[PDB]
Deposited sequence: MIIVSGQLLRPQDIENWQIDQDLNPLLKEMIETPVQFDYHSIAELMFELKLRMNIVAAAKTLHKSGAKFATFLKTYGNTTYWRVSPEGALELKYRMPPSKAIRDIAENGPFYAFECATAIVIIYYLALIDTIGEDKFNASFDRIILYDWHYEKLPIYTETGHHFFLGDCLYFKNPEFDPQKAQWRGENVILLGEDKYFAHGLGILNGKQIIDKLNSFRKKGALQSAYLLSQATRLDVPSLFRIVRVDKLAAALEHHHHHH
């Protein structure tokens, strides 16, 4: 359910990009309320969301590898690794160029799943607003777990998902001796289609089977898709960027 200013946007035709139509159909037909001050905001969400999907695929194909925090590394041209495994942007290096380098020189990098989701958000935003505005607004950067610089991010409870969402497969009786499998952060790329850093581009059955192979002795509870989604707040981004 899309609302602009105050008008319910019914199927009212538009000269917009094809790869945006599937998402827009979802957003119009769902009972979920999407409120925007203007059409420009709506279009920003559509492009931003599909750029999240495209960025996930870019990262997937980059050659960037999975590593635990203590085994994290990155291109020293742009990033310093802290003792704890944080990727610190080096003094006065331009954020856009440093973050794009993850996509362009993937083999020089390895990091965790959460850090990968944040990288993806930044790449998508860069694709959406351009290097200059990104660099003006998100001017200091450390990539580490769920750290983000200024991004307005929220998590809501419920069953309705949209392209570009960040979802989570939980593994409740995971093997305590292998905490790396307590669950999996993913980008929703398409229907039953997910990017999961370290696993690849997979469907839900595959992700669930994988987690279930790393449970404790006697575990009966299967891994499952949590009913929640993690999302960028588009109206707030308009304040933060333009």
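Undergrad: Unmodelled stretches of the deposited sequence, numbered from 1?
TA: Counting from residue 1, the stretches without coordinates are 13 to 15, 246 to 260.
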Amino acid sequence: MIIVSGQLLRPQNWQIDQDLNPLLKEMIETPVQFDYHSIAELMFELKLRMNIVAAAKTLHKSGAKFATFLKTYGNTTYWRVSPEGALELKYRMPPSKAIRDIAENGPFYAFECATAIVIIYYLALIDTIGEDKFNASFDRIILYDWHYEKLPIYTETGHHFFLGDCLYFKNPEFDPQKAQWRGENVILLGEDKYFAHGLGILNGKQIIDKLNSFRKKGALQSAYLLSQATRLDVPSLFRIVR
From here on, numbers count along this sequence of modelled residues.
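Undergrad: Tell me which stretch, 209 to 217 or 61 to 69, has the higher mean Cα B-factor listed in the entry.
TA: Higher mean C-alpha B-factor in the PDB entry: 209 to 217.
Undergrad: Do the C-alpha atoms of 147 to 155 or of 128 to 136 have the higher average B factor in the entry?
TA: Taking the mean B-factor of the alpha carbons in each, 128 to 136 is higher.
Undergrad: Could you tell me which one of 223, 234, 24, 229 shows the highest CA temperature factor in the PDB record?
TA: Comparing C-alpha B-factors across 223, 234, 24, 229, the maximum falls on 223.
Undergrad: According to the deposited entry, which of 32, 48, 199, 189 has the largest Cα B-factor?
TA: That would be 199, according to the entry.
Undergrad: Looking at the entry's B-factor column for C-alpha atoms only, identify whether residue 92 ranks in the lowest, middle or highest third of its chain.
TA: Ranked within chain, residue 92 CA B lands in the middle tercile.
Undergrad: Going by the entry, which third of its chain does the Cα temperature factor of residue 52 land in?
TA: Lowest third.
Undergrad: By the record's CA B-factor, is residue 160 among the lowest, middle or highest third of residues in the chain?
TA: As the PDB entry reports it, the C-alpha B-factor of residue 160 lands in the middle third of its chain.
Undergrad: Going by what the PDB entry lists, where does residue 171 fall on CA B-factor within its chain: lowest, middle or highest third?
TA: For residue 171, whose C-alpha B-factor we compare with every modelled residue in the chain, the answer is the highest third.
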